[PDB]
Amino acid sequence: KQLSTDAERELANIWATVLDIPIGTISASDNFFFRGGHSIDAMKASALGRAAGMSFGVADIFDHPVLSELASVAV
Amino acid sequence: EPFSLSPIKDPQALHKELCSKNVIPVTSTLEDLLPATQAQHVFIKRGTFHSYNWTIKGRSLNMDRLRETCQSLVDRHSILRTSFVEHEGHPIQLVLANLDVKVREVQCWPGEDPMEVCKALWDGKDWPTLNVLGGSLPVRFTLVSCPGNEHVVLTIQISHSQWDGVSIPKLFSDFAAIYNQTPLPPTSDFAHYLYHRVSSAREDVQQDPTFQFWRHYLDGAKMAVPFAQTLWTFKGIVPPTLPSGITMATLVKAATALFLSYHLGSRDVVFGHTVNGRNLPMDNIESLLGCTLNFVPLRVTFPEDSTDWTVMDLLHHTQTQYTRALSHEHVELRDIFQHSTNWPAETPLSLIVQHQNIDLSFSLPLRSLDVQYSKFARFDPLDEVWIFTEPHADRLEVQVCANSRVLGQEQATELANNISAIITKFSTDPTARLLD
Ligand SMILES: *P(=O)(O)OCC(C)(C)[C@@H](O)C(=O)NCCC(=O)NCCS
C-alpha cells in the first residue's frame, strides 16, 4: 500500500531510521509494533517527528499504531 | 537563564569555597547550579557507581589522542563536569566549565594484566571511599598500559545520577567519533532537561493537568509493602511470544501484578516502575546525556468479579495503565504524592519493576584495533525490592535485587520463579481466563 501524503512520507522515513529497516519496505498500512518497535523506539520516533515539524507523542503511537492513522493525528 | 533554579543565593561563593578546600579544581568556573532530581538522589543514596572498561589491543593505538578524547568528551557533555553537594539536607548539582581533565595513568610491570590492576584499584579504594555528596567530580578516567602500549585498558567511572540506558550508548559513540575525528551534531545537556520540565509546570499546582491526572489515577488506591547484604537472583526463560498489540514490558508488569494480587490479598495493586522520562517536546531529548529516568506508580485493578477476565484483558488493562501516564510520567514522585494524594510526600516505593528495552551490548569502534567491553558496578538497595527484566536473543532474564534483610535467598529465588512462570503461562495461552 503506497504512501500518499507528505506526512506519511516523512513518518516512513522516521520509522526507517528508528527501526533500522529500509524505506522501500514501508507501506501505509504497516504497524509500528509488528515491524519491531517498542516504547523506546516510539520515544525516538516522536523526537524525530518534532525535528521534522510533526507533532505526536508516544501515546499517539500506542493509540494509532498504523502509519497512515498516525500521520492524520500528527499536527 | 542560568542560575534561575538555584536554591542558593550566592552560587559563586559555594564554588569558591569548594575550590579552597581542594575538592574541585581551582581553575574551574561555575557555569550553572541546579537542584538534583529525586531520581538522581535515589541512585546517589544507593552508592550506584560504575566503571566502564575498554580493553584496547593493537599497534596503531594513539595514547595522546585517547587523553585528548577524554577532555573533549567532558567539554561536550555538561553532566560529565557536574559535581554534587548537599545544601540544607537537599542535593544540588554544580555544573563546572573550564574544567581540565586529568587522566589517572598506570604503566604496568612486564607480564602484569592491566585489568587486574583496574580491579585492584576499584575494590581497594575507588568504590569503598566513594563520597559523591562531598562534591568531588564522579566522572574520572583511568588509562592502564602494558609496556609497548599495544594492550591498554581505558576506564570511565561515573555515578548513575549522570546517565541512563537510553543515553549511555551515546557516551561511547561520541567517544569513538571524537577519537576517530568524525563529525558530531550539536546536543543539549541535562540542565536543559530540568529547565524544560519547569517551564511546562503551571504556577498553581491544583490547575496542573499532571497533578489532576495523578489524583484521579490514584484515587482510592493503597500502596502496600509486599516485603519487610545486597543479593542478586537470576532466572532465564525462553523468550515469550507477544500477543498482538502487547509489548514485552506490559507482559512483565502484568505478571508482576497478578503475582502481587495473590501475595497480598488484593484486587487493587500499586507498585513502582521505571520510565524513561523522555516523552517531552524538547530538542534532542532522545540523545542528551543524563539520568532522565523516573520511578513512578503503576496501578493495576482487577475487577471484583474477575470470573471472565482473560490474560488478554489483563494485558490490555496493564498497558493502558502505562500509556495513560505518558504525558505525566516526568514529574518528581514526591510532588505526585504531595499534590495528588493524602500520602506522606517521602513515602518510598517498595517494589520497582524495570524492563530493560535498551541497548544491552556496547561498542567503541576505534580506528586496526580490537576493543572489548566489560564493567564493574556497585548498587545497594535500601528497603525496596527491584525486579529487572533483560530481553536477550536467546532468553528473557528475570533479575531480583534486594537487601537480604528484606528478601532472603530462598524467598528471592521463589519470587523469580513465580514471575517467570506467570510470564511463560501468559505467553503460551493469552486467551486463557485468570483461573489458570
Ligand atoms: P514499552 O511498553 O515497550 O516499554 C515501557 C518501559 C516503561 C518499559 C520503557 O518505555 C522504558 O521507559 N524504560 C526502560 C529502559 C530503562 O530505563 N532502563 C534502565 C536504565 S539504566
Side-chain angles (χ1 to χ4, degrees), chain A residues 1 6-23 25-75, chain B residues 164-170 185-188 193 196 200 213 242-253 273-288 292-294 315-316 318-330 354-360 389 391:
Chain A
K1 192 167 157 179
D6 283 344
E8 295 188 344
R9 287 175 208 102
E10 241 306 345
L11 196 58
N13 188 44
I14 286 168
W15 285 25
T17 307
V18 151
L19 304 172
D20 271 312
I21 48 105
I23 179 62
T25 69
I26 296 172
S27 91
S29 58
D30 275 332
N31 179 302
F32 189 79
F33 300 94
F34 188 78
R35 298 300 301 269
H38 55 43
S39 309
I40 286 192
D41 303 309
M43 109 79 237
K44 303 199 241 221
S46 170
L48 256 44
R50 177 181 173 80
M54 299 175 81
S55 171
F56 54 94
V58 176
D60 300 313
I61 299 173
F62 280 86
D63 293 340
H64 297 111
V66 169
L67 197 153
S68 62
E69 289 189 315
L70 178 60
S72 314
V73 321
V75 183
Chain B
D164 58 26
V166 171
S167 71
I168 193 68
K170 276 232 159 28
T187 193
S188 304
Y193 175 84
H196 188 276
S200 84
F213 165 83
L242 293 174
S244 211
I246 301 298
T247 67
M248 181 71 79
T250 291
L251 188 55
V252 171
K253 283 159 194 177
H273 76 140
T274 303
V275 297
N276 62 69
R278 287 156 113 118
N279 184 40
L280 289 174
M282 148 184 23
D283 290 345
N284 303 318
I285 199 174
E286 81 282 8
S287 69
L288 67 85
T292 64
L293 292 184
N294 205 2
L315 298 181
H316 283 297
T318 298
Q319 192 151 288
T320 294
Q321 290 293 95
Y322 159 63
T323 64
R324 282 172 75 199
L326 277 165
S327 239
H328 313 296
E329 66 170 27
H330 63 274
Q354 296 215 329
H355 181 66
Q356 310 281 49
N357 49 353
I358 43 163
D359 290 1
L360 302 171
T389 48

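A, B, ... follow the sequence lines: proteins, then strands. Residue 1 opens every chain.
- Heavy-atom distances place no part of A:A51 under 4.5 Å from chain B, backbone and side chain included.
- A distance of 7.5 Å separates OG of B:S244 from CG of A:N31, quoted to the nearest 0.5 Å.
- Here the CZ-OG1 distance, from A:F62 to B:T250, works out to 6.5 Å after rounding to the nearest 0.5 Å.
- Separation of atoms CZ (A:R50) and CD1 (B:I285) is listed at 9.5 Å; rounding is to 0.5 Å.
- Between chain A and the residues B:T323, B:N357, B:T247, B:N279, the most heavy-atom pairs under 4.5 angstrom are made by B:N357.
- With a 4.5 Å cut-off on non-hydrogen atoms, B:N276 touches chain A through its side chain but not through its backbone.
- The shortest distance between side-chain heavy atoms of A:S39 and B:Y322 falls below 4.5 Å.
- Ranked by non-hydrogen atom pairs under 4.5 Å with chain A, the options B:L326, B:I358, B:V166 are led by B:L326.
- The candidate with the highest count of non-hydrogen atom pairs below 4.5 Å against chain A, out of B:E286, B:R278, B:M282, B:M248, is B:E286.
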